[PDB]
Amino acid sequence: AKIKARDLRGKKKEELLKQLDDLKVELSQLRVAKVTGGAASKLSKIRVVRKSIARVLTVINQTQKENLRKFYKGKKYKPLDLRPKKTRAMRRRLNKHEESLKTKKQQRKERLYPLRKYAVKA
Amino acid sequence: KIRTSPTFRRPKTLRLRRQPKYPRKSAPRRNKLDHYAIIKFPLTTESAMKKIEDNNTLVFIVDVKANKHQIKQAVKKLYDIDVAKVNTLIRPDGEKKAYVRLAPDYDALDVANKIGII
Amino acid sequence: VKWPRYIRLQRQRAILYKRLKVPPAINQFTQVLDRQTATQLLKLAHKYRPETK
Amino acid sequence: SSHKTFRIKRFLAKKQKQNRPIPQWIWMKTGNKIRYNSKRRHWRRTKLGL
Amino acid sequence: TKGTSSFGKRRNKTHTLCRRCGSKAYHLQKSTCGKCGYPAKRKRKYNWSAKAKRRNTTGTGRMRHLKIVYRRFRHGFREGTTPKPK
Amino acid sequence: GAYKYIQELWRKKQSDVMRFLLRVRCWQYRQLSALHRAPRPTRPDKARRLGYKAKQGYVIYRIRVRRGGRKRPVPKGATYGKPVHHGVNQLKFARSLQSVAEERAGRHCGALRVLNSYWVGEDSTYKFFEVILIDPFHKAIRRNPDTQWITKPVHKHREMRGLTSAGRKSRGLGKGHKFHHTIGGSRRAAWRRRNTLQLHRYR
RNA sequence: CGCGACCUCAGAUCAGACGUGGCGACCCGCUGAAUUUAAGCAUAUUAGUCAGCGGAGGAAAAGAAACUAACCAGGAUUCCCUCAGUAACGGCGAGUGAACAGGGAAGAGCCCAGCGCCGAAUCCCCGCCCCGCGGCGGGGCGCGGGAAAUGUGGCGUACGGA
RNA sequence: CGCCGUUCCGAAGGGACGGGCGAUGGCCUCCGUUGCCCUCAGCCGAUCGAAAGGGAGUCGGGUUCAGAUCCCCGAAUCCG
Ligand SMILES: [Mg+2]
Ligand SMILES: [Mg+2]
Ligand SMILES: [Mg+2]
Ligand SMILES: [Mg+2]
Ligand SMILES: [Mg+2]
Ligand SMILES: [Mg+2]
Ligand SMILES: [Mg+2]
Ligand SMILES: [Mg+2]
Ligand SMILES: [Mg+2]
Ligand SMILES: [Mg+2]
Ligand SMILES: [Mg+2]
Ligand SMILES: [Mg+2]
Ligand SMILES: [Mg+2]
Ligand SMILES: [Mg+2]
Ligand SMILES: [Mg+2]
Ligand SMILES: [Mg+2]
Ligand SMILES: [Mg+2]
Ligand SMILES: [Mg+2]
Ligand SMILES: [Mg+2]
Ligand SMILES: [Mg+2]
Ligand SMILES: [Mg+2]
Ligand SMILES: [Mg+2]
Ligand SMILES: [Mg+2]
Ligand SMILES: [Mg+2]
Ligand SMILES: [Mg+2]
Ligand SMILES: [Mg+2]
Ligand SMILES: [Mg+2]
Ligand SMILES: [Mg+2]
Ligand SMILES: [Zn+2]
C-alpha cells in the first residue's frame with residue numbers, strides 16, 4: 001500500500017486531491033503522536049508519509065504541466081514558464097532562421113563563385 | 001470653447017484595461033498555507049493541560065505567518081468544532097502559540113481526547 | 001493662460017520668423033498659389049494619382 | 001528590551017536554538033571528530049552585537 | 001573622564017542589520033550600508049581590499065542557481081526531453 | 001539627386017540661408033531638455049551616410065552637451081602634489097563632446113544600440129548632436145542580414161568603449177608613422193607589449 | 001463655430017519586446033597619484049602605473065591603407081624573433097625609447113551613403129488554412145492595419161561601376 | 001558610479017453631488033452596478049521622520065512555579 005509515482009500516473013485530478021488529503025490528515029495525527037508518546041514505529045512513519053505527500057504533489061504538478069504544454073503547443077504566445085529556459089544570453093540569440101539569412105548580393109556571389117575542389121601535381 | 005481658468009491641465013485620456021495575449025504564469029500557485037499547514041501540533045505542557053481543563057482552551061503551535069482568522073477557520077475545519085476566540089503569541093524560540101477557546105457547547109477536555117492530546 | 005512648454009515653443013517660433021530677417025531663399029516659400037489656382041492645379045493632379053496598393 | 005522588532009525577536013530566537021550541547025549519539029558516529037559544541041555562547045561573556 | 005567613565009554613556013546604536021548583505025553596518029541616520037552600499041543599486045566594492053572581496057564574492061555563498069547551470073552546461077542546456085523510459 | 005544639393009548646402013554654414021536656420025534651430029533646441037527624442041533626422045542626408053535608414057527600429061535622439069574644457073574636480077583647487085600636477089583650469093578631456101553626447105544617449109537608452117551621431121548646432125554654451133540608435137530586437141533589424149551584426153552582444157554599448165566613429169577618434173588609431181602608440185589595437189595593448197619582459201625558457 | 005489632413009507633443013496596469021544587477025584572471029574607454037631615483041630638489045623618474053568610474057566577450061580590441069617607402073620596391077589586422085637598449089627624448093643629468101625593412105605563426109575578405117535605373121519592385125504587425133513547432137519559422141489567402149517618396153528594396157563602391 | 005535640488009525651467013487632478021446617453025443585472029416590482037459624455041474641482045508637492053510631542057476607546061475582583069488593565073468572572077466603552 002506504499003505510494004509509488006507509477007501507480008498515480010493515470011488517475012484523475014480530483015482523485016489525487018482526495019489521496020493527498022488522506023495523507024495530510026495522516027501526517028497531522030502522527031505529529032500529534034510525536035508529542036504524546038507514540039511508538040518508534042509511528043515516529044518512523046512521519047518521513048514515509050511526508051515523501052508520499054511529495055510524490056502525490058509531484059504527480060499533480062507534472063500532470064498539470066504536461067497538459068498545459070499540449071494546450072499551448074500551437075499558440076504563438078506562451079506563459080513565460082512554458083518557454084525554454086536555456087540561459088538569458090542564449091534566449092536573446094538570433095534564432096535558427098535569422099542566422100541562415102543572406103543578402104541577395106551574397107547568394108549570387110556564392111552561386112557564381114563556389115569554392116572549388118582541386119589538387120596540385122607534386 | 002473658452003478658458004475661464006489661466007491654468008492649463010493635462011486632459012483626461014482613455015485608459016484601457018489590460019488584455020494579455022498570454023498569462024505570464026501558466027497556472028495559479030497552490031495555497032501553501034492550507035488548514036493542515038496552519039496547525040502544526042498541539043501543546044501538551046502542564047500549563048496547556050490547565051488551559052484545557054479550567055479555561056476550555058486548546059493550545060496549538062501554529063505557523064508564524066497565520067493570523068487569528070486563519071487559525072480559527074483551520075481549527076473548525078480540522079476538528080469540526082466551534083471557536084469562541086483566539087489569542088496568539090510568538091514564543092521566544094520563534095514558534096507561534098495559539099490559545100484557542102471553544103464555544104460553551106464544546107468541552108475542550110472531550111475534544112482533546114478526540115485529537116489524542118489526552 | 002500659462003500654456004504647456006511645447007505650445008509656448010511653437011508659438012514663439014512663429015513670432016521669431018516674423019520678427020527676424022528671413023533670407024529670400026527661405027522667404028520665397030511664403031508666396032504661394034491662391035485657392036482658385038491651387039484648386040485647379042490639384043484637380044488636374046487628381047487625375048494622375050499613383051495607383052494604390 | 002521589551003520593545004522589540006519582529007526581525008530582532010526572530011534573530012534572537014535562532015541564536016537561542018543554536019545554544020545547546022551536541023547530541024551524545026553524534027559521538028558514536030563512524031568518522032566523528034566533534035567532542036562538544038565549540039560554538040556555545042553565554043549572554044554575559046560575549047555579546048551578540050545586535 | 002574620556003576613558004572608563006565615558007564608556008558608560010553609549011547606549012544608542014549607530015548601525016543595524018542590513019537587509020541586502022545581512023551585516024550590522026546599516027547606518028540608521030544616513031540610511032546606508034557601510035559594507036554593501038545599500039540602498040545604492042550597485043554593490044559596494046573596492047580593489048584596495050582584496051580580502052574583503054574574497055569574503056563575499058561569488059562562490060562564498062550558496063550558489064543556488066549558478067551551480068545547476070554548471071551541471072546543465074555539460075549537456076548543452078538540453079530541455080524538454082527525458083531519458084528513454086524503462 | 002537632392003541629397004547632393006543638401007550636402008553642398010550644409011557646407012555653406014556661413015551663408016545667409018544656413019546662418020538663419022542654425023540660429024533659430026539652436027534657439028529652439030535650447031528650450032528643450034538636454035536629452036530629447038527627435039521625431040525624425042534633422043539632417044536626413046548626413047544621417048543616412050552615417051548608416052541611418054528610414055525604417056522601423058532606427059531612432060534619433062538630440063543631446064545637449066555643455067561646451068568648454070575640463071576643470072579638475074578638486075576641492076578649492078588643491079591637488080596635493082608636485083607643481084607639475086597643480087593645473088585646475090585649461091585642462092582638456094581626452095574625448096570629444098560628440099563622444100560624450102553618444103555616451104549620454106547610450107546610457108539613457110540602454111536597450112538600444114548607438115550607431116553614430118552628427119552635429120546639428122551650437123552656441124557659446126551648448127553643442128547639439130543627434131545620435132542614431134537602433135533597437136536591436138525589432139524584427140526589421142534582426143531579419144535584415146546587413147544589420148544583424150549590431151544585434152550581437154559583442155556590440156553592447158559601443159559608445160562606452162570607444163567603438164563609434166566619434167568615440168574612436170580619441171584612441172589614436174590609424175595606419176602609418178603617426179600612430180605608433182597604438183600598434184596592437186590600443187595604447188594599453190602597445191604599452192603591455194613594449195613593457196613585458198619575455199623570459200624564454202632557453203635564454 | 002464646426003469638420004478633416006499633417007506636424008510637434010502628451011497619457012495609458014494598452015499588445016508584444018527589450019535594459020538594469022553580478023563576476024571581473026584576461027579585454028576596451030576614461031580618470032589618475034604619491035612613496036621612489038636623481039645620494040638635496042622643483043622639470044624628469046616613479047607612470048599613463050596604484051587607487052577611482054564605465055562597458056564587454058569567450059576571447060576582446062584591431063583590421064582590409066588618406067600605409068611603408070624611395071628599392072629592380074612592398075601591400076589589411078594581430079602575435080613571435082630580430083631590428084634594439086638602436087634613431088630619438090632628457091636639470092642632454094638620473095633616466096627614458098619606438099618604427100621600417102628581413103624571418104616566422106596565421107591568413108579572408110568585404111558592405112553602405114553617394115551618382116543612377118527599376119510603376120516602393122521594400123519592410124513590420126494582425127486574422128484565417130497547411131506544415132513545423134523547447135532557437136516562433138516556411139508556404140498560401142485577406143479592397144486586413146501600419147511603416148516608408150523628409151527614400152525601403154534590387155543592381156552597384158574606387159580593385160573602377162553602369 | 002552619480003550629484004544638486006524639494007516647488008524650483010513640469011500638460012503634476014484618475015476625483016465628485018448632480019444631470020444625459022446606453023450595457024447588465026436583483027428582494028427584476030423599481031432600485032443598484034457599470035462605460036461614456038456633460039458639469040464641477042487650488043492646495044502647490046512622491047515618500048520617510050518620534051515605543052517621552054499630537055493621536056477615539058477598560059475599569060474592578062480572582063487566578064500562576066513563572067503572564068496578565070492581555071487569562072477567567074463582572075461591569076463598560078470607542079471605532080467601522
Ligand atoms: Mg545593396
Ligand atoms: Mg556586559
Ligand atoms: Mg548618530
Ligand atoms: Mg588621457
Ligand atoms: Mg581605419
Ligand atoms: Mg502592456
Ligand atoms: Mg631624492
Ligand atoms: Mg638618499
Ligand atoms: Mg626627500
Ligand atoms: Mg615630477
Ligand atoms: Mg608618464
Ligand atoms: Mg586600477
Ligand atoms: Mg564597475
Ligand atoms: Mg554590466
Ligand atoms: Mg558571457
Ligand atoms: Mg570584435
Ligand atoms: Mg599584415
Ligand atoms: Mg646590437
Ligand atoms: Mg647638467
Ligand atoms: Mg615613459
Ligand atoms: Mg616587419
Ligand atoms: Mg605560415
Ligand atoms: Mg543609393
Ligand atoms: Mg580601396
Ligand atoms: Mg510615518
Ligand atoms: Mg508616537
Ligand atoms: Mg505619545
Ligand atoms: Mg475584554
Ligand atoms: Zn548591506
# chains A, B, ... in the order shown; residues from 1 in each chain; ligands from 1
$ select_by_dssp --residues "chain C" --states "helix (DSSP H, G or I)" --output "ChimeraX atom specification"
/C:5-19,24-30,35-48
$ interface_residues --of "chain B" --to "chain G" --cutoff "7 Å" --atoms "only C-alpha atoms (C1' of nucleotides)" --output "ChimeraX atom specification"
/B:13,15-16,18
$ residues_around --residues "residue 6 (chain C)" --least-positions-apart "6" --cutoff "10 Å" --atoms "only C-alpha atoms (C1' of nucleotides)" --output "JSON, numbers by chain"
{"C": [12], "F": [31, 32], "G": [8, 9, 10], "H": [11]}
$ closest_residue --among "F:194, F:23, F:139, F:161" --to "ligand 16" --atoms "only C-alpha atoms and all ligand atoms"
F:161
$ interface_residues --of "chain B" --to "chain H" --cutoff "9 Å" --atoms "only C-alpha atoms (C1' of nucleotides)" --output "JSON, numbers by chain"
{"B": [8, 9, 10, 11, 12, 54, 55]}
$ interface_residues --of "chain H" --to "chain E" --cutoff "12 Å" --atoms "only C-alpha atoms (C1' of nucleotides)" --output "MDAnalysis selection string"
chainID H and resid 1:2 48:49
$ residues_around --residues "region 63-77 of chain E" --least-positions-apart "6" --cutoff "10 Å" --atoms "only C-alpha atoms (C1' of nucleotides)" --output "list in words"
residues 84, 85, 86, 87 and 90 of chain A
$ write_last_selection --atoms "N, CA and C atoms" --output "PDB file, in the first residue's frame"
ATOM      1  N   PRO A  84      11.286  27.918 -23.297  1.00  0.00           N
ATOM      2  CA  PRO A  84      12.582  27.319 -22.960  1.00  0.00           C
ATOM      3  C   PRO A  84      13.400  28.220 -22.048  1.00  0.00           C
ATOM      4  N   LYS A  85      14.050  27.606 -21.061  1.00  0.00           N
ATOM      5  CA  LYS A  85      14.878  28.359 -20.129  1.00  0.00           C
ATOM      6  C   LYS A  85      16.233  28.690 -20.743  1.00  0.00           C
ATOM      7  N   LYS A  86      17.004  27.665 -21.091  1.00  0.00           N
ATOM      8  CA  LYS A  86      18.354  27.823 -21.632  1.00  0.00           C
ATOM      9  C   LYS A  86      19.107  28.753 -20.682  1.00  0.00           C
ATOM     10  N   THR A  87      19.820  29.755 -21.176  1.00  0.00           N
ATOM     11  CA  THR A  87      20.325  30.845 -20.363  1.00  0.00           C
ATOM     12  C   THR A  87      19.773  32.148 -20.918  1.00  0.00           C
ATOM     13  N   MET A  90      21.378  33.022 -24.181  1.00  0.00           N
ATOM     14  CA  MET A  90      21.000  32.152 -25.291  1.00  0.00           C
ATOM     15  C   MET A  90      19.589  32.449 -25.774  1.00  0.00           C
TER      16      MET A  90
END
